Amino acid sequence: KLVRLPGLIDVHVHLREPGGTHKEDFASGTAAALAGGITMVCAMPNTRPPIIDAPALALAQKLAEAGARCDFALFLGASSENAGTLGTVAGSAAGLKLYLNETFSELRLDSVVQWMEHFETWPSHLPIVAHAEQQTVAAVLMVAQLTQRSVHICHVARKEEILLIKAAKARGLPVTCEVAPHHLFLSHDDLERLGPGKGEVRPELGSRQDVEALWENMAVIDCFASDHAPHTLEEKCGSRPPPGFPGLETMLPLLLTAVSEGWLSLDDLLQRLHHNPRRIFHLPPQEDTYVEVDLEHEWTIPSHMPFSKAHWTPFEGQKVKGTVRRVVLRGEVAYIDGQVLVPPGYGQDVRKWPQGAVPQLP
């Protein structure tokens, strides 16, 4: 007996096109998405060139429209130079992403005053999300209150962070957050197995106490999002390993295993992979779209999942219960039992749908 789920949404993926297509491209990454039961993705802007101006966004839109197999929205990225320049294209993006900790030079902000400038100039009705670790969570929350608007915290990974967000919500502050599967299912205990290269990720893997705190505070977690961050094994095992894990193909099997174990309910999962992503990012419904899963099938994650060009996974060897059997996207069979059946280019930019525009006052 298969269970029908709505089309799931991952609001945090890195699809590496343009400029890193040996790691992933729209076609391979959205294949990975569909195989993971994900029918809509929001793609981060730290590509090469990064999506920090209108020409780069225009290029990325065409690459995505030609390569994506599932539907998508594209983030714009904040830079030290583009505050106040994005007004005409802001509504066409998923939102604005701030890299407030480590990143490459083009996305680095050197002063909290630059964060303030972005919060002040980005249209107030559109989403802002932040990579903000440890005290940076408190700092960006302060900037949000000074400018009287909301903020969404990406990949919350620590007891410290979820408890700060919990306190902020108790005071009625408009903050939401997401958690990635590696911060719920991996910890320091796994670093010996993974090694120092494979294990590199930002936010880093937490302690067992961090993991337990995120589970205990599930009510504070608005979304799950993979932070699909593909790099090849050569790169992860080399002399300057880049941080990040691929995760699209493993995130739903891991969470379905947790559901089967009673760690959270099926509704808890669907709030965090469907309803709350929709409502935080104003993402439109997908007509005739659904995912059929088998909650009985037991399997062991292999050394690499079939589709991501990363060709490795930190979850190798984990026993899971739950698998994606079939995905229907806008009335076409998109995935069955390991076979992707929609071509590159089938996916669409949801921000161009009339129902995908963010409502605003005139």
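Numbering starts at 1 and follows the sequence shown.
Visitor: Per the entry, where is the mean C-alpha temperature factor higher: 341 to 349 or 8 to 16?
Guide: If you average the C-alpha B-factors of 341 to 349 and of 8 to 16, the larger mean comes out for 341 to 349.
Visitor: Mean C-alpha B factor from the entry: is it higher for 290 to 298 or for 59 to 67?
Guide: Taking the mean C-alpha B-factor of 290 to 298 and of 59 to 67, the larger value falls to 290 to 298.
Visitor: Between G29, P314, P45, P306, which carries the biggest CA temperature factor in the record?
Guide: Within the set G29, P314, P45, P306, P306 shows the top C-alpha B-factor.
Visitor: In terms of recorded Cα temperature factor, pick the maximum from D210, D268, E102, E161.
Guide: Spelled out: the listed residue with the top C-alpha B-factor is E102.
Visitor: Using the B-factors in the PDB entry, rank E204's C-alpha atom against the chain and give the third, lowest, middle or highest.
Guide: Ranked within chain, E204 CA B lands in the middle tercile.
Visitor: When the modelled residues of the chain are sorted by Cα temperature factor, does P285 land in the lowest, middle or highest third?
Guide: CA B-factor rank for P285: middle third.
Visitor: Split into thirds by Cα B-factor across the chain's modelled residues, where does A310 land: lowest, middle or highest?
Guide: For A310, the deposited C-alpha B-factor lands in the middle third.
Visitor: Pull the Cα B-factor of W263 out of the PDB entry and bin it into the chain's lowest, middle or highest third.
Guide: Highest third - that is where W263 ends up once the chain's C-alpha B-factors are sorted.
Visitor: Splitting the chain's C-alpha B-factors into thirds, which one does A54 fall into?
Guide: Tercile = highest for this residue's CA B-factor.
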